[PDB]
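For reference, positions follow the sequence shown, starting with 1.
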Amino acid sequence: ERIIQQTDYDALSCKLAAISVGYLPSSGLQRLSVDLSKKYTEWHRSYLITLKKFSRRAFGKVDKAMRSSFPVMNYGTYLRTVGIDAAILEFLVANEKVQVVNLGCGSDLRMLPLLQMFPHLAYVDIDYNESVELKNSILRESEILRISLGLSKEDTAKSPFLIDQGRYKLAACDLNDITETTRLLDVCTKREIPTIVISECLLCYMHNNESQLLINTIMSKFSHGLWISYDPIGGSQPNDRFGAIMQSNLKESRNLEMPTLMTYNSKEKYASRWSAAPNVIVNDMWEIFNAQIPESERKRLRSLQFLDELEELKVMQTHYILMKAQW
Ligand SMILES: Nc1ncnc2c1ncn2[C@@H]1O[C@H](CSCC[C@H](N)C(=O)O)[C@@H](O)[C@H]1O
């Protein structure tokens, strides 16, 4: 569905706006060296320039969303990124030979530093065909992104892969299709390798059956791993209209659905979807802001923009969660 696929333009605008202002990279929390901090920005900057080459319409959407970002959104984007990153880094530091499967990867570039930083990491990006065709175009067209992946400019990979360049694979898959998904995994992952699964604003676009099948099945495919999921929740307090508001706004604006926003309207209900994993941690992004963000970062963020409305931040961030499931 082309509607769902374009929710990536929102995710990308947000990523890009946070880098522009200077929220990211956070070299401390993302564990970026001097050169990788520089590259982080340079890679995202080229990604936007190269997107422009491939799609005027895409670029215009991304561009206007960036210009109109507000501090509360940049804090959210920062929290989302460092929170996932912190979960990933802890596991990769502890587990040398690891595979990362990034489900609904959109324009995510976290592989670029991760692959450098962790010599024995293998990483697999998975999104709809149309989305991964565009990502493959940008990655190969841009000289700096090609170099970062050791890629050639001529797409030289065999279906099911658009990129199959050593420790990185970019592959198309409809994740509503469990058989296509498990088939795809059989040829790019191994059962016995500690596996991190990332679903960052992916499951929110899925019907409960499809998302629960995908959760169960993927967890069953690997002896051990960690699922890191980030998503909104509709919110459980009485008279909390966040979910209601969000669903209505997406249906009127984009014809877009978030089928289980109200079903998983709190962190505990959300986390319960990984009840097969022995170790489930769940926090809303406000809790992350208070628990994981050092005072040095809080001070560095204040230097960049005026967050005049901290309570507005808190309200939004209590409606996003980071779930960590380990088996
Ligand atoms: N059924 C499905 N199969 C594969 N990709 C899907 C999918 N449903 C949604 N997606 C992908 O999920 C992404 C959500 S936008 C999130 C992008 C990225 N994970 C980030 O946080 O920046 C879009 O790229 C969309 O195409």
Side-chain angles (χ1 to χ4, degrees), residues 5-27 30-69 73-74 77-78 80-82 84-85 88 100 102 104-118 121 123-127 130-157 161-172 198 200-201 304:
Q5 286 171 20
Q6 299 180 259
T7 58
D8 183 54
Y9 299 159
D10 300 297
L12 185 54
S13 304
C14 279
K15 184 64 61 47
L16 295 175
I19 291 152
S20 191
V21 180
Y23 294 73
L24 306 169
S26 171
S27 62
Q30 302 177 100
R31 298 194 196 204
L32 303 175
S33 62
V34 171
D35 301 358
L36 288 181
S37 289
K38 272 150 192 189
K39 285 196 181 134
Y40 191 85
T41 303
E42 300 176 339
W43 292 325
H44 282 86
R45 295 177 55 88
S46 195
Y47 201 92
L48 174 67
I49 298 171
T50 303
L51 175 65
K52 178 177 171 292
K53 198 207 165 101
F54 280 95
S55 171
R56 186 185 174 108
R57 165 186 324 109
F59 165 81
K61 282 162 168 181
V62 164
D63 172 59
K64 302 190 208 174
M66 291 171 60
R67 291 168 170 255
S68 83
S69 43
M73 191 196 102
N74 299 330
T77 287
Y78 168 86
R80 175 178 166 158
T81 304
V82 300
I84 291 161
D85 279 356
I88 292 169
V100 168
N102 188 339
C105 63
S107 304
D108 197 345
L109 310 178
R110 62 168 42 91
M111 357 66 104
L112 307 175
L114 293 185
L115 280 166
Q116 185 37 41
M117 273 160 77
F118 299 101
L121 169 71
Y123 193 111
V124 179
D125 260 346
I126 305 182
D127 204 302
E130 294 62 49
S131 308
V132 302
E133 291 288 353
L134 183 52
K135 191 178 197 159
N136 178 60
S137 300
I138 296 172
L139 288 181
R140 297 177 178 278
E141 173 59 13
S142 173
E143 181 186 37
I144 199 187
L145 299 159
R146 263 212 305 280
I147 289 185
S148 72
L149 279 176
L151 287 176
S152 82
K153 195 168 191 277
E154 279 75 21
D155 320 13
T156 33
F161 306 109
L162 286 199
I163 298 166
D164 190 3
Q165 194 73 57
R167 302 176 288 119
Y168 178 63
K169 294 177 165 54
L170 168 59
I198 300 157
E200 177 183 353
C201 294
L304 304 175

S142 side chain to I138 main-chain N or O, any donor-acceptor pair under 3.5 Å? no

Distance check, rounded to the nearest 0.5 Å: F161 atom CZ versus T156 atom OG1? 13.5 Å

Side-chain heavy atoms of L32 within contact of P113, under 4.5 Å: yes

Separation of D63 CG from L48 CG (nearest 0.5 Å): 7.0 Å

Quick check: do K15 and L24 have side-chain heavy atoms less than 4.5 Å from each other? yes

Between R167 (side chain) and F118 (backbone), is there a donor-acceptor pair under 3.5 Å? yes

Rounded to the nearest 0.5 Å, the CD1 atom of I19 sits from the CE atom of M66 at a distance of 8.5 Å

pair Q6-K61: side-chain heavy atoms closer than 4.5 Å: yes

Residues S37 and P25: closest non-hydrogen pair is O-CG, 3.5 Å

Evaluate the side-chain proximity of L162 to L134: yes if any heavy-atom separation is below 4.5 Å, no if none is. no

Could you check whether any side-chain heavy atom of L149 comes within less than 4.5 Å of a side-chain heavy atom of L145, counting everything from C-beta outward? no

Could you tell me whether the side chain of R110 reaches within less than 4.5 Å of the side chain of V100, counting heavy atoms only? no

Taking the side chain as C-beta and beyond, is there a heavy-atom pair between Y78 and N74 under 4.5 Å? no

Could you tell me which non-hydrogen atom of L151 sits nearest to which non-hydrogen atom of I163, and how far apart they are? CD2-CG2, 3.6 Å

Check whether any side-chain heavy atom of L12 lies under 4.5 Å from a side-chain heavy atom of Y47, and answer yes or no. yes

Tell me whether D125 is salt-bridged to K135, with the criterion being a basic N under 4.0 Å from an acidic carboxylate O. yes

Might you point out which heavy atoms bring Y123 and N102 nearest each other, and give the distance in Å? OH-ND2, 2.8 Å

Working to the nearest 0.5 angstrom, can you tell me the gap between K64 NZ and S13 OG? 11.5 Å

Is a side-chain donor or acceptor of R146 paired with a backbone partner of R140 at a separation under 3.5 angstrom? yes

Report yes or no: does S20 contribute a side-chain atom to a donor-acceptor pair with the main-chain N or O of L16 at less than 3.5 Å? no

To the closest 0.5 Å, what do you measure between CD (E42) and CG (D35)? 9.0 Å

Any idea which heavy atoms bring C14 and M73 closest together, and the distance? SG-CE, 3.5 Å

Check the pair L112 / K39 against side chain to side chain contact (heavy atoms under 4.5 Å, CB included), numbers first and verdict last. CA-CA 9 Å; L112 307 175; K39 285 196 181 134; over 6 Å; no

Check: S137 side chain, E133 main-chain N or O, donor-acceptor pair, under 3.5 Å: yes

Could you report the tightest heavy-atom contact between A11 and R80, atom names first, then the distance? CB-NH2, 4.0 Å

Using 0.5 Å steps for rounding, measure from the CG atom of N136 to the CG atom of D127. 13.0 Å

On a heavy-atom basis, the closest approach of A157 and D164 is CB-N, 3.9 Å

Between the side chain of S46 and the main-chain N/O of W43, is any donor-acceptor distance below 3.5 Å? no

